[PDB]
Amino acid sequence: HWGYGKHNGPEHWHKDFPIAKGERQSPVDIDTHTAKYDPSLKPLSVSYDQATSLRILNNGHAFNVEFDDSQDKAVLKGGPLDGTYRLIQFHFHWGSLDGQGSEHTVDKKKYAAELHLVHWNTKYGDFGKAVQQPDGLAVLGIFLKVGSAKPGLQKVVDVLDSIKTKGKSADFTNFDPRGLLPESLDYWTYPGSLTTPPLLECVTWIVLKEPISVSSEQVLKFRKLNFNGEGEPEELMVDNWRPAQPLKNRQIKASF
Ligand SMILES: O=S([O-])[O-]
Ligand SMILES: [Zn+2]
């Protein structure tokens, strides 16, 4: 099965998912001198006051915080988006070391981790239908740098103990995604895909300029998770990041 090891790593995915070599693959390197300031791009609109977190799950490649997406409770609009995108889940990508973890890179600079807030276009009625469309998904990308602790993240840090191995889930209600957002909403956008199999090219990437800082110890607990199921040989959940893919003439636009 696909994973991040030498035998089932990103360099092998193409065999099972040929799209791996597609035209709008993610992630990419964000070259700051090359991105284009586009003045016709609107401010992002993040309405998360009504978000309904449900549970946290270890799915073997990361941990997903899942939300009730049966109604327009936590949504994203504006920016380069047309229509309403409902928040479904959020997860991270992190490294074995603080000098790596992020998927996206800024001027070839890698951050300690990358937060992904996954949203789906509501005119397609369900997540499953949306991944089949060019504009089915909106993914908010936030970088993590090691510094001071992030208040807002501790609730997550605390439950990781209960979902140590693959297939474990925990109740995780009343969690507010707002405590994960940076002050500024300045962004870069490009059309890309899912960063994990099936790597479908259904994403409008929205990558935030301003990183959020988290402490060493916060980051250390992510690294305690296991890719493996319970009663199996232990394999620490580390470096679950896909390297940068060719931009192939796509244009990266900037809101600033
Ligand atoms: O949401 S991204 O990792 O496919
Ligand atoms: Zn992701």
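Values below: every heavy atom of this structure, side chains too, minus hydrogens, waters and symmetry copies. When a residue number appears, it is its place in the shown sequence, counting from 1.
Looking at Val139, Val46, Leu140 one by one, the single match for side-chain contact (heavy atoms from CB on, under 4.5 Å) with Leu117 turns out to be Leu140. Screening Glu103, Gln25, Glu114 against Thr195 for a side-chain hydrogen bond (donor to acceptor under 3.5 Å, both in side chains) leaves a single residue, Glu103. When each of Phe227, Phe90, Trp94 is tested with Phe63 by the rule ring pair (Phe, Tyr, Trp, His ring centres under 6.0 Å), just one qualifies, namely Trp94. Here the rule is side-chain contact (heavy atoms from CB on, under 4.5 Å) with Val219, and of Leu144, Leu97, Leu153, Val146 only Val146 fits it.
The main-chain N or O of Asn240 is found under 3.5 Å from a side-chain atom of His93 such that the two form a donor-acceptor pair. A side-chain donor-acceptor contact under 3.5 Å links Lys166 to the backbone of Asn59. Judged by distance alone, with hydrogens and angles left aside, the side-chain atoms of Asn58 form a donor-acceptor pair with the main-chain N or O of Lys164 at under 3.5 Å. With hydrogens and angles disregarded, a donor-acceptor distance shorter than 3.5 Å links the side chain of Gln218 to the backbone of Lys150. Panel note: side chain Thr165, backbone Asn226; no donor-acceptor pair is recorded below 3.5 Å. Judged purely by atom type and a 3.5 angstrom limit, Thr84 has no side-chain atom pairing as donor or acceptor with the backbone of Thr122. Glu23 places no side-chain N or O within donor-acceptor distance of the main-chain N or O of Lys248, the cut-off being under 3.5 Å. Under the 3.5 Å distance criterion, the side-chain polar atoms of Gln245 are matched with a main-chain donor or acceptor of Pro243. Proximity of a side-chain donor or acceptor of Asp126 to a complementary backbone N or O of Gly128 within less than 3.5 Å is detected. Side-chain atoms of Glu210 do not come within 3.5 Å of backbone N or O of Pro182 as any donor-acceptor pair.
Residues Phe222 and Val238 are not in side-chain contact: their nearest non-hydrogen atoms beyond the backbone lie 4.5 Å or more apart. No side-chain heavy atom of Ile252 sits less than 4.5 Å from a side-chain heavy atom of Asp31. Using a 4.5 Å cut-off on side-chain heavy atoms (C-beta onward), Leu200 and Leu137 make no contact. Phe92 has its side chain within reach of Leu115: a pair of non-hydrogen atoms, C-beta onward, lies under 4.5 Å apart. Put simply, the side chain of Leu87 does not reach to within 4.5 Å of the side chain of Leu76, judged on heavy atoms. Between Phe172 and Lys155 there is a side-chain heavy-atom pair separated by less than 4.5 Å.
Remark: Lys168 NZ is loosely packed, at most 12 non-hydrogen atoms of other residues, nucleotides or ligands lying under 6.0 Å away.
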Carefully, step by step, assess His104 and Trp205 under the rule ring pair (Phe, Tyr, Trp, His ring centres under 6.0 Å).
CA-CA 10 Å; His104 288 97; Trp205 278 92; 4.8 Å; yes
Apply salt bridge (charged side-chain N to carboxylate O under 4.0 Å, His left out) to the pair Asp107 and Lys109, showing each step before the final yes or no.
CA-CA 6 Å; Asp107 289 333; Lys109 174 176 147 52; over 6 Å; no
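With ring centers used as reference points, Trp13 lies under 6.0 Å from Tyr4.
Minimum interatomic distance between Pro198 and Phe17 (heavy atoms only, all atoms of both residues): CA-CD2, 3.9 Å. Closest heavy-atom contact between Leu41 and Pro80: CD1-CB, 3.5 Å. Of all the heavy atoms in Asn174 and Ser53, the pair that sits closest is N-OG, 3.2 Å.
Side-chain contact of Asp69 with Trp120: a donor-acceptor pair under 3.5 Å is present, judged by distance alone. Side chains of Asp29 and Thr105: a donor on one and an acceptor on the other come within 3.5 Å. Between the side chains of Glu235 and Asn228, no donor N or O sits under 3.5 Å from an acceptor N or O. Judged purely by distance below 3.5 Å, without hydrogens or angles, the side chains of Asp135 and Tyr124 pair a donor atom with an acceptor atom.
Taking the six-membered ring where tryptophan is involved, the planes of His61 and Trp2 are tilted, since the angle between them lies from 30° to 60°.
By the 6.0 Å and 45° rule, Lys209 stacks over the aromatic ring of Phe256.
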